[PDB]
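What follows is one structure encoded as structure tokens, with my remarks underneath.
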Amino acid sequence: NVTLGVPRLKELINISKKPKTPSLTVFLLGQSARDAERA
Amino acid sequence: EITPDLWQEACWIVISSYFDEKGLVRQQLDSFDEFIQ
Amino acid sequence: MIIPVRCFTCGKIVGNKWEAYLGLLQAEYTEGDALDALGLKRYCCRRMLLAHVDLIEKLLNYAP
Amino acid sequence: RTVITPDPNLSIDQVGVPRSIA
Amino acid sequence: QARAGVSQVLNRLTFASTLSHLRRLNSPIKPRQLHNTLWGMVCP
Amino acid sequence: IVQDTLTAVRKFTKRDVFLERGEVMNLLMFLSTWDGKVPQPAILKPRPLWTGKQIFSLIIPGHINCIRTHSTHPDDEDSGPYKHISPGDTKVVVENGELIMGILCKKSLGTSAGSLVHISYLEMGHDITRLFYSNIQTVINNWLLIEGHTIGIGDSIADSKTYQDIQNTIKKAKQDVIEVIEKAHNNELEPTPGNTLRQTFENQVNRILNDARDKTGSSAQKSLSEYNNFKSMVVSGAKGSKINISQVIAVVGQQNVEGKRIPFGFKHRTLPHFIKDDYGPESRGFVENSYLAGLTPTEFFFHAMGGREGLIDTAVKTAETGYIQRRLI
Amino acid sequence: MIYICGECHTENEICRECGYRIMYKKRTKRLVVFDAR
Amino acid sequence: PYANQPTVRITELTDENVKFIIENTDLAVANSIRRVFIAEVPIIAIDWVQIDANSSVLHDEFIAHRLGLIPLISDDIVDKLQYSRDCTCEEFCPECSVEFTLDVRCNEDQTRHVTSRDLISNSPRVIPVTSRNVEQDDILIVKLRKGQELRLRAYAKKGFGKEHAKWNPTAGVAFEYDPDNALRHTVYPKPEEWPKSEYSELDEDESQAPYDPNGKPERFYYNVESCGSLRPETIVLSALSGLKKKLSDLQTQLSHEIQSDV
Amino acid sequence: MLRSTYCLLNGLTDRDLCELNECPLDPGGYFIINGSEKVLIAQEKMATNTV
Amino acid sequence: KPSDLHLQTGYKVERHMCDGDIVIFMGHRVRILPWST
Amino acid sequence: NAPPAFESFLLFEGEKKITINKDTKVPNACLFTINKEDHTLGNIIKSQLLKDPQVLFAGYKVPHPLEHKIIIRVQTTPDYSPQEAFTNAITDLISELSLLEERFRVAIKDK
Amino acid sequence: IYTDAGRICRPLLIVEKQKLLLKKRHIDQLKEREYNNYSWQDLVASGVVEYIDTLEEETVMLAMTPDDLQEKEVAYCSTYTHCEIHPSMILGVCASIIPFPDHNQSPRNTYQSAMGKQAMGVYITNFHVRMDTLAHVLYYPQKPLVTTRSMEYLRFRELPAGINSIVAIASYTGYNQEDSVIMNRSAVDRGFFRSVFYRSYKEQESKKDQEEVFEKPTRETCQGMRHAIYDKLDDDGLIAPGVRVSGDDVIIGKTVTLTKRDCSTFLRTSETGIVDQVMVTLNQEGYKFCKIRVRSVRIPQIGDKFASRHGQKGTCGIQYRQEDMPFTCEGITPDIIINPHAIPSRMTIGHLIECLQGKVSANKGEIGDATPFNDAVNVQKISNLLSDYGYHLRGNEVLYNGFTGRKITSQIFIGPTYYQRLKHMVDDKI
Ligand SMILES: [Zn+2]
Ligand SMILES: [Zn+2]
Ligand SMILES: [Zn+2]
């Protein structure tokens, strides 16, 4: 549940040190990328 | 003894009796009347 | 306040059909026939009697 | 200071100021 | 130090205003959404 | 461009509309850029009738080129045959400043990408485009005294072919919510990974109340007639939000507060008319009825709650974006 | 300078006959022209 | 290149209603006679109101409105008067005004109704309507209780309806043309639910006449109902002379614009 | 408070009330303070004596 | 004071308004349409 | 402030009724300006100027419907003047209104 | 157990194991309320109704209607303890005045319930005696043709708030841009929405020692004042009623005695009305006082703001004539034209049913029924009662043109609808 709209847009105007919803999208490299059992 | 489909004019009788007796601003004529009593 | 002369919409005089309308509701006449006996066929004129409030009665109580 | 009212018979860069204000 | 806003001044416009100026609550400051226990008590 | 103009441009610019001989002499009188010379009409076996696309070619200021697609144009209409003909008379083609075909709409007269008002700011300047507004702000604003464009209540009633079928969806919607309550009240529903059995119950049932909200939403728009005056303010695109007249006719839909269907206020009972353990398709907010048919006195309270959560945010989002913009300056 | 009372309706210059202290101003004598528009 | 030659057929001429049919004219001339009736027919109404003693519960500019809208009997002296701005005197002479008078008080006990039969004229021809001698009960103005008095003078100008609308001589002029829809000036979406009108020559089965590929209308069905000031027939005679006079206020004035360029 | 058992109005019938220039439809529930009309709004609080 | 109705070039006269003049919100242009809006 | 009502049909001292100007776009055409009139007088003369076959553009408009000032535009063919159309189009209408009034008075005397 | 001061509670009917305790022998005695005095204080005592607070409702079982929720169907629930009187009593004072409030998108029932306060009307029937500031009063108020059965209890027949108007929903010459309304000036001439606006003025004479007294200032014995001519002032410094005051002329000539300073009280806003009444009393202390009520009419110009009972507040664009307003087949020219586009996004279909119901109820001759959940007035039998008089049963009607006399290619939807003139006037600021 990424917060979009005004409570996110308000937060980059002051660059809050503590995000109310931070996240980290992470991709993959090898043959693990094409299997759910390897990943 | 029981009203099957005459209910519509029935329920607007028992309300007519209500706003006759209590009316609309008795909530300050009970409350302020009980404060001086 | 009181019945207006001349229904605003079409122009027709309706301002004398009031004391002949309160007196005409003493009898058994329905409102749907109390106006056609007065000769009012448009629904411009009929809203000026059927939905009228004559408030001049309640003001004729107070002292001048 | 008064109301604005719509009026489609003015070429867009126009306003109708009434004679009690102008 | 007081709770102001009590004893407003009364409307005279419509007589439906004069009524619904008298049947009135006042929250003291979620007090804004519409709660389920206002069936029958307060106008939604 | 106001609504009154931008709708009526659709009705001015079909194939159907023909102006006899006297009405040209008025819709030429209300131009400004016109050069005094009357065009030669199309039809000539009766009175020489002028099509509304010929006169609308006289507003378009000089040589301007554009191609757009009206908002009804099926994508399958671009096959081999019927490519440049397009028998709904969509597919705006303005070659050489003279309107060859196509109905206009908002999509090709607003200010969007590739727009015919956009192109006439990148070729002809700005004082040639201000005349392109104050011509269309008159000659369709003053043609409409021959068309009118009313909205009776006959323009907001479903015919009984679909109105009975629009209930044949919702009578199955409230069936397939009973199907998932009694399935999950027997420990017979596998929890989808990511959420518990509670949050995956709600996502399972909000699935079966936004498909029936939309299977009663596409069959209502298509069933409206060609003369229906709501369709003239949706197809013409001047007034968007085609979900806000799908609640007139068919189904209001779901209510929500905080993004969830109505929470239990009293004690596991959202109103004092219900039993406990009511996760059903009506005791948490969904509305079978539409505004034409009226609303049940329970469901009038629930729409009073969905209209309160969105009535506040407006009072909040004026102290939010009225503050970013006066700070970011 | 002649005041109609609000109780006894008895005019005076300046109440007597009523003991009452709300007066009025006794509508003027000049000639005011309307229109019947 | 020349004019059109109409006809007139009348079906009803009662004491307050004229209903007829004009053939062989275009529509634009056929608006321009129903547009003169409710606008440009002169008539007498009250226009100068002075109250010398008011004590009713209605404020002074609320009875002065109602004295405006009372219709007056203007059969004879409309041609035999002139307007106020074409006058000779200072403010009001008897050639252009009609003075009324009202002096009613109510010292009786019972509630008195000040009616139309208490406006006393100075000239015996323009009496207010509801005084012509159907019972036709009296026009009302203002009720009064015990202890109240009304007193006022009034004048009564000649004017017409592009002034205030009290000078409307008529009620609703019910113009109507082409009752079968054979010209297709309107397009019925469902032709079957419509009321067949008061003048349509159809049976019950069909509901629209077919199209006329070379036609333009005649038979403009006027239904001129008068309010009660004029007679219902002396409107139309005094309106075609109030339009033949106006079109003869052009080729006079147009000539002294063209020929003065020499 | 105007019209509640201690006012001079309560005790008067309908005709007797218009001999003082009053209104039979005036609801009452407002006390005059230095001329003008005031209404004590209901100030909502939280219930006492519970857990 | 018609002694002081002189007008030679260089002076500054403050008229009321006309048509065609430019006023501010963007910049409109005054056309005169007599009512109160 | 609100204008008085009698300014919708009167010519004050300083106005002419008609001012005539030419068409600088297309030759053998002309233009009028009736002062203090409305669609009652405008639509009859527009319509009768269409029965004349030596007239190619009979139109009129009112610029703003607030004040009353009709603009009329006439385009005639060669061998004819457009100040002769707009004078003959009136004098056919006065032959018309003289023809109803002699005919409608008769249809009262049959009642 | 709560013997507690300040809760809130409401009366419901009582169910006894299957059915009511409101029996036919009760309500036949209620019906003759005169000369039997069986008025709700013997119906509580006989144990038929019962006050229920907000937190026993957490323990209770209600039914909406005694009709459908006592007849056994597939047995939803069978343990009903109570029933409610009629489920449209949950709406407050100003939200009961809306006809069909289950047909409105709920932003518009909230919107009207805030505009009901502002719409002027005859407020209290003793404004001849009062000396308020801000007293608006219509000339000819009308009780509505389409009404609720609880207007009667809200007292809205003896004191109404607006005039009906034949209203058409059409696009036209274009002065109705999405919140605007084309009036009819030859209906405004017959008093349509024409209303008075009173005014008042406090004037405490106060002796203090600079003291001041009511008097008439001669120009060359008193200090600073404008060119407000002192003709209207009487022998003592008050205006007698019936003297038309213009913009900015002296109404009370008060002078702080000093030669003397000058403290006139001007007519603000330059309205040019009529001074209607002047009273002269003492204050609380023993100082002479005066109140003044300067009245003015206010004809509805271009600008003055109108609104129905169905949201959608509007202005007044242009005032056409009976001459120009589009006439029906029978000489009806509607008082007000509202824009079509204000319907489908403001979303009030209450406005297209009140406009339908007033066309039935001005030919059926019976003031209509628009209780909220009445279940007996749907738009099918409003239609087929309209079809028994010779109209088209969706309310449509052929207008003609205003200027040309051409039949319009489409129809127009006409019908009388109750409009309110608000207090957001255009002459409150000019
Ligand atoms: Zn009428
Ligand atoms: Zn006294
Ligand atoms: Zn004279």
Exercise for the section: Would you mind giving the three semi-axes, in whole Å and largest first, of the ellipsoid equivalent to chain F according to its Cα gyration tensor? Expected result: 50, 24, 19
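Normalised by the number of residues in chain F, what is the relative contact order in percent for Cα pairs under 8 Å and 6+ residues apart?
Details: 387 pairs, mean separation 52.0, N = 329.
Relative contact order, chain F: 16 percent.
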Completion exercise
Quick note, the stretch F:154-208: a/c under 1.5 would make it rounded; otherwise a/b > b/c is prolate and the rest oblate (a ≥ b ≥ c, C-alpha gyration tensor); here it is prolate
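Measure up F:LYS83/F:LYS242; F:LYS231/L:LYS407; K:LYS16/K:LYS36; L:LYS364/L:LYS407; H:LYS246/K:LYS111; G:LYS25/L:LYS216 against 18 Å on the Cα-Cα distance and list the ones that go over. Provide the component values of the computation, followed by the final result.
Working: F:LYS83/F:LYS242 28 Å; F:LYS231/L:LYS407 23 Å; K:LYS16/K:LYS36 10 Å; L:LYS364/L:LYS407 28 Å; H:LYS246/K:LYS111 30 Å; G:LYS25/L:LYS216 16 Å.
Beyond 18 Å: F:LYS83/F:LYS242; F:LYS231/L:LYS407; L:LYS364/L:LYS407; H:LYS246/K:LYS111.
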Exercise for the section: Averaged over every viewing direction, what's the projected area of the C-alpha convex hull for the stretch F:100-195? Give it in nm², one decimal, please. Expected result: 14.3 nm²
Exercise for the section: Pick out the long, greasy-scoring helices in chain F: whole DSSP H runs spanning 24 Å or more along their own axis by Cα, mean Kyte-Doolittle at least 0.0. Expected result: F:299-316
Exercise for the section: Principal axes first, then extents: for the Cα atoms of chain H, list largest minus smallest coordinate on each axis, whole Å, largest first. Expected result: 73, 64, 32
Completion exercise
Quick P(r) readout (chain L; Cα-Cα; 20 Å bins; whole %) gives 20, 39, 30, 10, 1
Practice task
Pull up the cross-link candidates among the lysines for L:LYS17, meaning alpha carbon to alpha carbon under 26 Å and not fewer than 8 places away within one chain.
Solution key: F:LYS267, F:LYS276, L:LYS72
Problem - Rg/Rg_ref, the stretch F:23-80, where Rg_ref = 2.2 N^0.38 Å and atoms are Cα - result: 1.52
Practice task
Set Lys and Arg Cβ to +1 and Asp and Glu Cβ to -1, take the dipole of the stretch H:102-227 about its Cα centre, and tell me which of H:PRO191, H:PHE220, H:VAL129 lies farthest positive.
Solution key: H:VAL129
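In what sequence do K:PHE9, H:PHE175, F:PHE286 fall when counting other Cβ within 10 Å, fewest first?
Details: K:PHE9 16, H:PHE175 23, F:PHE286 27.
Listed from fewest to most nearby Cβ atoms, that is K:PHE9, H:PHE175, F:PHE286.
How charged is the neighbourhood of L:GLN41? Take every other residue with its Cβ under 12 Å from the Cβ of L:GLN41, and add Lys/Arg as +1 and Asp/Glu as -1.
Values: positive: B:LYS22, L:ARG33; negative: B:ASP20, B:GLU21, L:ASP42.
Charge balance in the 12 Å sphere: -1.
Rounded to two decimals, what is the ratio between the C-alpha radius of gyration of the stretch L:133-247 and 2.2 N^0.38 Å? Numbers along the way, then the final one.
On the way: Rg = 23.8 Å, N = 115, 2.2 N^0.38 = 13.4 Å.
Against the compact-globule rule of thumb, the ratio is 1.78.
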Practice task
Would you mind giving the average projected area, over all directions, of the Cα convex hull of the stretch L:229-303 in nm² with one decimal?
Solution key: 6.9 nm²
Handout entry: Alpha-carbon centroids, the stretch L:40-102 and the stretch L:315-372: separation in whole Å
Key = 36 Å
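Based on the Cα coordinates of the stretch H:43-165, what is the per residue volume of their convex hull in Å³? Can you show the working numbers first?
Details: hull volume 14.9 nm³, N = 123.
Expressed per residue, the convex hull around the Cα atoms of the stretch H:43-165 is 121 Å³.
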Problem - Exposure proxy order (Cβ contacts within 10 Å, fewest to most) of F:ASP165, F:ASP155 - result: F:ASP165, F:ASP155
Exercise for the section: Work out from phi, with θ = phi - 60° and the Karplus expression 6.51 cos²θ - 1.76 cosθ + 1.60, the ³J(HN,Hα) of each residue of the stretch L:306-315, listed in order in whole Hz, and give x for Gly and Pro. Expected result: 10, 7, 7, 8, 10, x, 6, 5, x, 8
Fill in the blank from the handout: Kirkwood Rh over alpha-carbon pairs of the stretch L:297-430 plugged into Stokes-Einstein at 10 °C, 1.306 mPa s gives a D in µm²/s of 95 µm²/s
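On alpha carbon coordinates alone, what is the Rg over Rh value for chain I, Rh being the Kirkwood radius? Could the numbers behind the result be given before it?
Details: Rg = 16.1 Å, Rh = 13.5 Å.
Rounded to two decimals, Rg/Rh equals 1.19.
Just tell me how shielded I:4-11 is by partners: mean number of partner chain Cβ atoms within 10 Å of each residue's Cβ, no decimals.
On the way: counts 11, 5, 4, 0, 0, 0, 2, 0.
That average works out to 3.
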Practice task
Report ³J(HN,Hα) in whole Hz for each residue of the stretch H:68-81, in order, from the Karplus equation J = 6.51 cos²θ - 1.76 cosθ + 1.60 where θ = phi - 60°; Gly and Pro get x.
Solution key: x, 7, 5, x, 10, 7, 10, 6, 8, 8, 10, 5, 7, 10
Practice task
Using just the helices of the protein assembly as shown, give the 222 nm mean residue ellipticity in deg cm²/dmol: DSSP H runs with n ≥ 4 each add -39,500 (n - 2.57), and the total is spread over all residues, rounded to 500.
Solution key: -4500 deg cm²/dmol
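Can you give the convex hull volume of the alpha carbon atoms of the stretch H:135-262 per residue, in Å³? Can you show the working numbers first?
Details: hull volume 36.3 nm³, N = 128.
Roughly 283 Å³ of hull volume per residue.
Summing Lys, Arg as +1 and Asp, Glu as -1, what charge do residues with Cβ under 12 Å from the Cβ of F:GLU77 carry, F:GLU77 excluded? Write out the running numbers ahead of the final one.
Numbers: positive: F:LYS83, F:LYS91; negative: F:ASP75, F:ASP76, F:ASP78, F:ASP89.
Result for the local shell: -2.
Taking 1 over the mean of 1/r across every pair of different Cα atoms in the protein assembly as shown, what Kirkwood radius in Å do you get? If you can, show how the numbers build up before the last one.
Details: mean 1/r = 0.0273 Å⁻¹.
Kirkwood hydrodynamic radius for the protein assembly as shown: 36.7 Å.
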Completion exercise
Computed curve, the stretch K:8-101, Cα-only Debye sum without solvent term, log₁₀ I(q)/I(0) at 0.12, 0.18, 0.19, 0.22 Å⁻¹, is -0.40, -0.85, -0.93, -1.15
Fill in the blank from the handout: Taking a ≥ b ≥ c as the square roots of the eigenvalues of the Cα gyration tensor, with a/c under 1.5 meaning rounded and otherwise prolate when a/b exceeds b/c and oblate if not, chain C is oblate
Completion exercise
Exposure proxy check on F:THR111, L:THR348: fewest-to-most Cβ neighbours within 10 Å is F:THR111, L:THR348
Exercise for the section: Starting from the amide H of H:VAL142, placed 1.01 Å from N in the peptide plane, find each other amide H under 5 Å away whose residue is 5 or more places distant or on another chain. Expected result: H:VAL114
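If the only charges are +1 at each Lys and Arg Cβ and -1 at each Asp and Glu Cβ, what is the size of the charge dipole of chain L around the Cα centre, to the nearest 20 debye?
Details: 52 positive and 53 negative charges, 183 e Å.
Value, rounded to 20: 880 debye.
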Problem - Highest to lowest packing among F:269-275, F:31-37, B:10-16, scored as the average C-beta count within 10 Å - result: F:269-275, B:10-16, F:31-37
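All Cβ positions, even for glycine, are placed from backbone atoms using ideal geometry, and neighbour counts span all protein chains on display. Rule-based calculations on the coordinates, nothing more; no lab input.
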